[PDB]
2 protein chains.
Amino acid sequence: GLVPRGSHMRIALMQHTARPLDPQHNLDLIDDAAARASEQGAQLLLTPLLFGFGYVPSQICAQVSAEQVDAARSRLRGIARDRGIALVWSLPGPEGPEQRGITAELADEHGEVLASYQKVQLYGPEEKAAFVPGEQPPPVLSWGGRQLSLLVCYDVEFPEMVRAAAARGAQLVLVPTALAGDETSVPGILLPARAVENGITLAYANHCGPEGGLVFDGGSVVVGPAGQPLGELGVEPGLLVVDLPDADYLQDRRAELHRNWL
Amino acid sequence: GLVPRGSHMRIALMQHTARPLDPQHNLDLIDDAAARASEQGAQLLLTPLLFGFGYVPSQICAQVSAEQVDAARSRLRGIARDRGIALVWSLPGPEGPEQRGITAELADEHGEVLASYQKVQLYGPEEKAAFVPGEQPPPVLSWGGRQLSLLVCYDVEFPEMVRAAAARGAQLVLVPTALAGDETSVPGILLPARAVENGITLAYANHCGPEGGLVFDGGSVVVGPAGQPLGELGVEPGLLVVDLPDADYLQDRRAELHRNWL
């Protein structure tokens with residue numbers, strides 16, 4: 001509906017099905033979503049993990065060159081600029097195929113990249129064979145009037161990764177994902193816990209549908225700090241648009257002991 | 001019912017209302033629960049936080065001497081021995097009133113204390129004024145055919161505390177609690193997440209009813225590693241008896257990076 005008072009940030013999440021190894025098709029679906037999110041007055045669109053190439057780690061390692069990644073990243077910066085909306089996307093890193101990881105990047109409405117993050121927790125033997133894990137904590141930055149951060153799919157399932165973002169001041173954690181297998185415990189149990197245990201909001205943008213040898217779950221969701229869904233999709237392609245409204249674990253935690261016990 | 005095959009541990013959780021500063025009354029309710037749990041063939045009874053004195057931190061600090069704690073602890077060891085069942089209880093620590101913390105202790109069916117743990121995360125200004133926080137990680141020990149560990153009430157709400165127990169090999173985490181205020185997100189959201197993110201089972205034994213200026217929630221529960229309740233109580237006094245059946249986060253977590261990011 002119209003932008004409510006007492007809300008000064010409206011975000012959108014794209015949920016759709018990618019065609020593996022067909023970036024012209026997948027980036028046209030991200031351009032359509034960006035145009036639709038911008039027409040609904042969203043200031044930022046979050047899109048799913050590896051969407052531009054499809055979630056096919058082995059095949060990205062084997063067949064997608066650094067030059068082809070950079071072409072897709074240039075088109076994505078063009079879409080943020082041409083549709084006038086900030087975009088968070090997730091592509092392979094910029095290095096050669098044997099040295100790059102999976103990244104997530106946030107570009108503003110000028111198409112300029114403000115923050116980038118390399119996935120620290122790779123999931124399963126295919127990702128682990130195709131990508132180098134990140135070694136840096138998640139970034140946090142002011143945008144739109146709150147502190148945004150980036151994490152990617154399996155990262156959010158480790159409470160340490162979300163606590164690292166919230167300890168650097170994150171209020172809204174944006175998470176491109178690719179979750180298949182009817183894995184109901186990640187959005188149903190873990191995401192609400194990550195929101196409550198840090199007092200943060202998390203946005204989770206998934207694929208859906210048949211892609212890459214999997215059928216993705218959809219179920220994209222924004223969870224607020226009480227653990228409740230601000231908005232949620234089903235199993236089919238859609239665009240979720242939500243307005244964000246305007247115990248103290250992060251202070252009580254005994255971090256100096258905790259870091260010696262992990 | 002009867003002990004199922006494919007289960008070799010049956011535990012019990014006591015949920016009841018304590019009368020503050022009346023250990024003869026409260027320890028008689030723990031003796032009745034221990035007798036009932038033993039008659040149901042449970043091998044261990046978990047009882048709620050500070051039950052022997054009531055959950056009244058300010059008044060324990062002001063009025064309960066080290067000698068009175070030790071009298072209650074001696075009676076509790078007698079109950080484990082006389083009712084022939086292992087018991088986990090939670091009392092003030094043994095030191096003087098100005099130096100002790102809140103502890104949880106596990107005694108076997110001989111009344112001998114096998115493990116003790118001092119609460120690391122104190123909750124709210126009253127606990128913080130009445131007790132010294134613990135500085136040690138949770139203990140883990142083999143008993144009954146699996147690795148048991150101890151944590152207490154607010155501790156389990158920090159994912160770091162449960163990850164510390166699971167990193168030392170815990171499979172079953174026993175947690176005396178005192179949760180009031182209709183705090184549905186702790187058993188409904190956080191406990192299932194702690195079970196799933198470590199692949200462990202957690203038992204949470206609460207007070208219920210009017211006690212100490214609060215009305216406790218009850219809702220004692222045992223949650224298994226998929227996050228689902230093995231058994232659960234309502235708001236009234238009861239004894240929950242459950243048989244325990246016979247992603248790899250704990251290996252994938254990048255702990256060396258995580259400990260530098262908290």
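Numbered from 1 within each chain, the chains take letters A, B, ... in sequence-line order. Values below: every heavy atom of this structure, side chains too, minus hydrogens, waters and symmetry copies.
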Residues B:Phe158, A:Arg163; criterion side-chain contact (heavy atoms from CB on, under 4.5 Å); working and verdict: CA-CA 10 Å; B:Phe158 289 87; A:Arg163 179 73 86 199; 3.8 Å; yes
Candidate pair B:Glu197 and A:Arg194, rule side-chain contact (heavy atoms from CB on, under 4.5 Å), full reasoning: CA-CA 11 Å; B:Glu197 74 206 12; A:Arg194 292 303 164 260; 2.8 Å; yes
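Looking at A:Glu157, both its backbone and its side chain come within 4.5 Å of chain B, counting heavy atoms on both sides. Residue contact with chain A, scored on non-hydrogen atoms closer than 4.5 Å, is absent for B:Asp155. Using a 4.5 Å cut-off between heavy atoms, B:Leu257 contacts chain A through its side chain alone, with no backbone atom that close.
Heavy-atom pairs under 4.5 Å with chain B peak, among A:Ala193, A:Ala164, A:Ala255, A:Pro137, at A:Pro137.
Nearest heavy atom pair, residue A:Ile189 against residue B:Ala226, reads CD1-O, 3.8 Å. Shown here for B:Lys128 and A:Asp252, the closest heavy-atom pair between the two residues is NZ-OD1, 2.8 Å. B:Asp248 and A:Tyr154 make their closest contact through N-OH, 3.8 Å (heavy atoms, listed as atom of the first residue, atom of the second, distance). When every heavy atom of B:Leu262 is checked against every heavy atom of A:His258, the shortest pair comes out as CD1-CB, 3.7 Å.
Of the possible donor and acceptor atoms, one in the side chain of A:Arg168 sits under 3.5 Å from a partner among the backbone N and O of B:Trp261.
A salt bridge links A:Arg254 with B:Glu135: at least one charged nitrogen is closer than 4.0 Å to a carboxylate oxygen.
No more than 12 heavy atoms of other residues, nucleotides or ligands shown are found within 6.0 angstrom of CD on B:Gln136.
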